[PDB]
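As they're listed, the protein sequences go chains B and A.
Okay, so the first sequence: first residue is 1005 according to the entry's author numbering, each after it adds one.
Numbering (the entry's author numbering) for the second sequence: 2 to 1140, 1147 to 1170.
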Amino acid sequence: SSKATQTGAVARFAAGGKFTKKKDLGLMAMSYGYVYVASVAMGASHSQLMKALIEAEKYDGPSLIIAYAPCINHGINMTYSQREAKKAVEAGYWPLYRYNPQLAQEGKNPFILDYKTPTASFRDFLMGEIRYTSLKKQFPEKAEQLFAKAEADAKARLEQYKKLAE
Amino acid sequence: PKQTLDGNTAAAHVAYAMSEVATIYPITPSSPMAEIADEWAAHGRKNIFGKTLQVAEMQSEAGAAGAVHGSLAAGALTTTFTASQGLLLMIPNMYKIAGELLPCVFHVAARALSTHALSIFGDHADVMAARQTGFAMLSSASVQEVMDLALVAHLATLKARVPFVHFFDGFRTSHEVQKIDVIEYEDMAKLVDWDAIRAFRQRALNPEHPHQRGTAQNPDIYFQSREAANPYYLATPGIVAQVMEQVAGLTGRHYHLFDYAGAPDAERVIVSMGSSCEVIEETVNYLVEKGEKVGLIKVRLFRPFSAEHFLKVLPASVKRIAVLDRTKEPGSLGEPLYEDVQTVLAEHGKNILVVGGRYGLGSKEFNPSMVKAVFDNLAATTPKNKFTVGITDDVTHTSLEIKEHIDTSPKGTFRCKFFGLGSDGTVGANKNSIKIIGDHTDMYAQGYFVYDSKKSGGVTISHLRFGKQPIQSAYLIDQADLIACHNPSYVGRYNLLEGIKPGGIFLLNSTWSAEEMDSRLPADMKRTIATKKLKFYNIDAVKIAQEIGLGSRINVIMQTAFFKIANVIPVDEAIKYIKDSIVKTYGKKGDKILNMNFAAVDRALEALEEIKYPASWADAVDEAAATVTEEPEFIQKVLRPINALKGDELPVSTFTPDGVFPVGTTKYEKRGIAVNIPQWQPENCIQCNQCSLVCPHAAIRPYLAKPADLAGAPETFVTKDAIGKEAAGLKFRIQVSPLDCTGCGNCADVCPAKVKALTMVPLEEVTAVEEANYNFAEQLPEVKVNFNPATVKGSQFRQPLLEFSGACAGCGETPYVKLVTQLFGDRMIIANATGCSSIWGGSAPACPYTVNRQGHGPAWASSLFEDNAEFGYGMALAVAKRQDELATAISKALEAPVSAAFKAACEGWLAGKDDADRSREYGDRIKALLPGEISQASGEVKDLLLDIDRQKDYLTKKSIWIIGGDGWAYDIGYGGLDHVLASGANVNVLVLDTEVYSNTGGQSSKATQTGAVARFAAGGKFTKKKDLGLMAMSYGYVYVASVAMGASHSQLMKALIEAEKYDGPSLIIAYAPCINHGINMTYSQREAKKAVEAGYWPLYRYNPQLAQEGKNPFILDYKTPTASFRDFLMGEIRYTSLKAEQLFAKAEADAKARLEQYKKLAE
Ligand SMILES: Cc1ncc(C[n+]2csc(CCOP(=O)(O)OP(=O)(O)O)c2C)c(N)n1
Ligand code: SF4
Ligand code: SF4
Ligand code: SF4
Ligand SMILES: [Mg+2]
């Protein structure tokens, strides 16, 4: 288990599923204002990853790139590892944004939300990985409660990023 | 040139010249090294590379160590300064830096490790904990050796590629001032192996000739790869030896891996390390001259231990050796140096009886008499092994007997002691006096300064020595030629004239005439003055300072009096040197301030009066001591002797084996240090108790009493009718504790009455009256009152469980903690981080946390600086486990044949065990029924009840409080604090945010705002304040609140109660004004009011429970500021010293963007 582990995900030291939600490392780094922060996922958008890597390196200051990296511990077909990262962003599970402090110096909004409206089902993405389906096989009565919290937390996270962009 | 420096400055002098980068984190007593290096860089001092040193402060010593590793691997010569707990956190990277063979020098002011207790003082425990990292280890025994061996370490590490720990005894050498030969940077550069530097650059990480380092290795090659560095360790002794020859040719001072001193045909030899070598050599000279065949081996290079270099300096006549270790490894067969000496002698078949002992732990005194005791044990028929020196071990009988007292001080050495008051200028003047004597005579000069645990009004004792011979006396003065007492209150309180030589000088600051001497001086002092035929001089320095206009500052006056009588230098020459130093100190203060200090010198010369005492003073007799009051055993046997400066006489059997102390012991101190105390005006008082709320020492409280309880009251115990429906028919009085009051004046400033109901009057004028008043108010019986504790007035009728601490006058921290104990102190446990709150909260032997009439009060524990959040988190797990064990036994009682009332209280407790009020209500019911229920039971049922009684201290739900400063919460402990808040545990975190490192003198933190000037931010902090509250809000389920007592009492009350009742993690960030801000501590509450009114400090509350109720969790308690932001910065010295304008504009822009962001979260 890690603080980056999401709600309901089953890992070691989280046998009954992780109750607390994912720690938002990107949100805390944006609180400084002068740190370039970006959330990327290669399987979701090739051009958005190109945009963040070049902006972060050219920024004369600290840069933070949080990249979604599919793993064998997720319990997925690694043949479609790139596709699994695309389903994560399309389901609202992983955000794509860029926080550019240089835009603030130009009088513009530093936060740019690169993916605003998700089109895929959040629960359907969870059922496609063993690290979430093993919770439904262990405790069925408690799995529905954790999956509902994970989707409610992801919508509150999406509403927060829309507020930072608006 | 010759300069008077301390060990820290001597070490930084060489480290600065030899290094490009210095990544640091402050820790006593090593932080002065990083402070002076930062100052030198700020003024553009150039190193041997023609550049200024880059000083970078990290979040911890772990972060510093990693930065050292990265800087070294990327091609920069890098150093750092650390000690004690800081050195421990660097140990993981030390394995890497040695494993990668990177040249480096860690400068360590060796300090004890925190075991049964914290100790900021010196021993080798920290360095010994790293002796297996692969670092070389080089020990300096004096300030001169710190200068020389620092250069040796920097030169040797480049050649050997083995990094060095260069360490010297904390305080005993790091803070000892000495006149030494300072090595010029230009001479250092002439000895540097520049080829070795260039080869270091070629090995650097670089994309144009890249390499890989730090791989992971399997069992097949790891062992071989680890032994491949053996040639570098085999060559390091010879390399260090050759570098010592370079320094010898430059300076004339000859060092070796091991040095010998003493008789060439000695039979008894001491092997030792650090400043003890100075004390031992001085003793050896004295004993050898008396014919004893004794000697000393000084260990310079402890690692790598070169057997060849040790045996070469060991005389063939040696039959017995005593090894002295300044550390303790409990359960070990022997301490490290003893095991090395025993091993090497066995490997070479030497038939020498070897014995090991321990000394000087936590800066324990180690003087020549102790050295002889070690030599005498070597002369016994059966020498005691595994011994101790400097203590009386009456439990395990390890201590050596100090048979006789010897004086090994070289003849012609002048010795002076100065008893001063905290921040009265005595220490500063003595440092200037040492600089004067060192700079203008051929004499060696030495200074050592003993400080107090009390931050204001403490005792300081200066020890100064001057002589024609080098001063090796790394110990306190035994026989003084001159003793100065700069505070007349010490007369009759401390043994001032102890050990003064016959015919010596006693200089006193007092208003007493020669005739009043008979009545004011104690009999023992008069006996010493007469029998030893002392030259007794007196001076009314306060009178001089008042008439000139210097107030009560006597530093210049008392320094002038010293040179006038000491006969150290020509009096005319001294007057010039003093006035020259006055120009250096007061030249920027103005023309008027200058001539006043000039007049202080002139008037001090004429006011010094010799006291012609009668010879019959020698026969004076002590007065009959009054019938002392029966005090508790701990107070009588421990607290009083320690406060009497006699704690060294306490044997081992005095102390607990685990460092556990009683609570509520500060009430026996009664220091009585206030110049003015608040006098209560009953006619102007509206009975609001705000004065009791803001008192940083709980010295002023309200008292209620039924009119019958005012029977034996003194005539001066004037009371008033009690206002309020709860206190109908009662009397009210605001009473101050005169001996516990500090005279800060916060209560008079907070008093909101039309005419002030509290007026500051001198203590001495009203002390006799108010002592009788306080003694009656304190003995008043308890009064059951139904005042609402959620109000300011109602909370102050609750007993404060934090009282009379050692915090400064007007401290902005203790009122917060005092208020928490008044709300939940009955049932709270405190995990306190290292810092100010741990110093005034837990400095032995006095505990400011106390109990109520039932004996209940906060249990207090301090673990480390970095672990406090996890420390309290562990407490929460344990308390929950203990309540679960209690709940299991109570559920079994429901199945037992017990009374119906017992089952009723048990079911009520089981349903409300997690509610504070309900668990106390039904918990107290069970406690009332237990003695009768056990009497009516027998057999196994009686045992079931006895198990409930055994655990009855867990019926009431506990309140875990994690208290610490901003340096802990924002920097070194932030990673742990973040995890504990994310865990969701029911803990309450209280961050006393002073925006600086208050304990260590005021170093920079992430809580420091833009433009604020602190240590390690000499030019002002550029980056803005890190928003700890905003990051904790990102979790959503963490209660976060920003409070400031001086700004809003009700907002502070609201946030504290909401945070504690919240079933989850709570974070309270409290604005705590501090003396380091540079403001008048009388108006400490008022400064917090201007902070919120100027937009400098926000007031908000983030309640996760509001989100479940459909409401907005973020509430902005202060939306529109009315004061100017720029004007608030102008009210504190920490911002005015920058004048610079660019930082003030940046600070105001950050405050507007932070306020506008809080408006967005609320809208
Ligand atoms: C690992 C470690 N590093 C450094 C220290 C020295 N040290 C103790 S408290 C402290 C600073 C305290 O700052 P803060 O947390 O803000 O408390 P304050 O004194 O301001 O109330 C320092 C540098 C230590 N005890 N342990
Ligand atoms: S002057 Fe200061 S220490 Fe004394 S009672 Fe008032 S607030 Fe307390
Ligand atoms: S602050 Fe003034 S009016 Fe209020 S209780 Fe104290 S003395 Fe009385
Ligand atoms: S926080 Fe400041 S005022 Fe309080 S005890 Fe520490 S140094 Fe003194
Ligand atoms: Mg602080």
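By construction, the Cβ of each residue, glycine as well, lies at the ideal position given by its N, Cα and C atoms.
Any beta carbon of chain A sitting closer than 8 Å to that of residue i?
i: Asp1118 (chain B); result: no
i: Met1082 (chain B); result: no
i: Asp1064 (chain B); result: no
i: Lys1159 (chain B); result: no
i: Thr1009 (chain B); result: no
i: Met1054 (chain B); result: no
i: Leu1031 (chain B); result: yes
i: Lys1027 (chain B); result: yes
i: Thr1024 (chain B); result: yes
Please return the same chain residues whose Cβ sits closer than 8 Å to the Cβ of residue i, not counting the five positions on each side in sequence.
i: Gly1012 (chain B); result: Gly1021, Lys1022, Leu1130, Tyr1136, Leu1139, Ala1147, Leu1150, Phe1151, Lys1153 and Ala1154
Please identify the residue among the options whose C-alpha is closest to the C-alpha of residue i.
i: residue 1146 (chain A); options: A:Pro1105, A:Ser1049 and A:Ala905; result: Between 1140 and 1147, chain A has no modelled residues, which means residue 1146 (chain A) does not appear in the coordinates.
i: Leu1162 (chain B); options: B:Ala1045, B:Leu1031 and B:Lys1062; result: B:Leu1031
i: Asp944 (chain A); options: A:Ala881, A:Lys893, A:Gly100 and A:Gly976; result: A:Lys893
i: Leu1068 (chain A); options: A:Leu1057, A:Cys1075 and A:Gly493; result: A:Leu1057
i: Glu634 (chain A); options: A:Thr666, A:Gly660 and A:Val622; result: A:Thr666
i: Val319 (chain A); options: A:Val355, A:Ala712 and A:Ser463; result: A:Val355
i: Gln560 (chain A); options: A:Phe599, A:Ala706, A:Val270 and A:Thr532; result: A:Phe599
i: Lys580 (chain A); options: A:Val569, A:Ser490 and A:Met597; result: A:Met597
i: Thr414 (chain A); options: A:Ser900, A:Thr397, A:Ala118 and A:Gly448; result: A:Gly448
Assuming residue i contacts residue j under a Cβ cut-off of 8 Å, what Cβ separation, rounded to an integer in Å, is found between them?
i: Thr79 (chain A); j: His108 (chain A); result: Actually they do not touch by this definition, with Cβ atoms about 12 Å apart.
i: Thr768 (chain A); j: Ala810 (chain A); result: Incorrect: roughly 17 Å between the Cβ atoms, too far for contact.
i: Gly426 (chain A); j: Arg304 (chain A); result: 43 Å between Cβ atoms; not a contact.
i: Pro164 (chain A); j: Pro220 (chain A); result: That belief does not hold up - the Cβ atoms of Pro164 (chain A) and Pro220 (chain A) are roughly 27 Å apart, past 8 Å.
i: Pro801 (chain A); j: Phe662 (chain A); result: Not really, about 19 Å apart at Cβ, beyond 8 Å.
i: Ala608 (chain A); j: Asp541 (chain A); result: 7 Å
i: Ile1080 (chain B); j: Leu1029 (chain B); result: Actually they are not in contact, since the Cβ atoms of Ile1080 (chain B) and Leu1029 (chain B) sit about 23 Å apart, beyond 8 Å.
i: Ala267 (chain A); j: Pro316 (chain A); result: 6 Å
Once you ignore the five residues that flank residue i on each side, which residues in its own chain have a CB closer than 6 Å to its CB?
i: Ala110 (chain A); result: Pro30, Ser31, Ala84, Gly171 and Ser175
i: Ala12 (chain A); result: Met34, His108, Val147 and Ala151
i: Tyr1063 (chain B); result: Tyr1040
i: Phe1115 (chain B); result: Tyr1103, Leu1168 and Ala1169
i: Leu1107 (chain A); result: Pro1114
8 Å is my cut-off, CB to CB: does residue i come that close to chain B?
i: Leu1068 (chain A); result: no
i: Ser1125 (chain A); result: no
i: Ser1035 (chain A); result: yes
i: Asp453 (chain A); result: no
i: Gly985 (chain A); result: yes
Can you list, in chain order, the residues of its chain whose CB lies under 7 Å from that of residue i, leaving out five sequence neighbours each side?
i: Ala749 (chain A); result: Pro679, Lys757, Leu759, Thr760 and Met761
i: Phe1017 (chain B); result: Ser1005
i: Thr399 (chain A); result: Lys387, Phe388 and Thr389
i: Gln1086 (chain B); result: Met1046 and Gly1047
i: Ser1125 (chain B); result: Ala1095
Practice problem: Indicate whether the contact test is met: 3 or more Cβ pairs, each with one atom in the stretch 232-247 of chain A and one in the stretch 288-299 of chain A, closer than 8 Å. | Solution: The answer is no - the stretch 288-299 of chain A does not touch the stretch 232-247 of chain A, with fewer than three Cβ pairs under 8 Å.
Quiz item: When the Cβ atoms of the stretch 59-71 of chain A are set against those of the stretch 193-203 of chain A, are three or more pairs found closer than 8 Å?
Solution: They do not touch, by the three-pair rule.
Practice problem: Check whether the stretch 134-147 of chain A touches the stretch 294-314 of chain A, counting contact only when three or more Cβ pairs, one atom from each stretch, lie closer than 8 Å. | Solution: Flag = yes, the stretch 134-147 of chain A and the stretch 294-314 of chain A touch.
Quiz item: Taking three-plus beta-carbon pairs below 8 Å as touching, is the stretch 872-891 of chain A in contact with the stretch 995-1005 of chain A?
Solution: Too few Cβ pairs lie closer than 8 Å, so no.
Quiz item: Is the stretch 534-548 of chain A touching the stretch 485-505 of chain A in the sense that three or more CB pairs, one from each, lie closer than 8 Å?
Solution: Contact between the stretch 485-505 of chain A and the stretch 534-548 of chain A is present, because at least three Cβ pairs lie under 8 Å.
Self-check item: the stretch 682-690 of chain A contacting the stretch 787-798 of chain A, beta-carbon criterion three pairs below 8 Å
Solution: Three or more beta-carbon pairs drawn from the stretch 682-690 of chain A and the stretch 787-798 of chain A are found closer than 8 Å, and the two stretches are therefore classed as touching.
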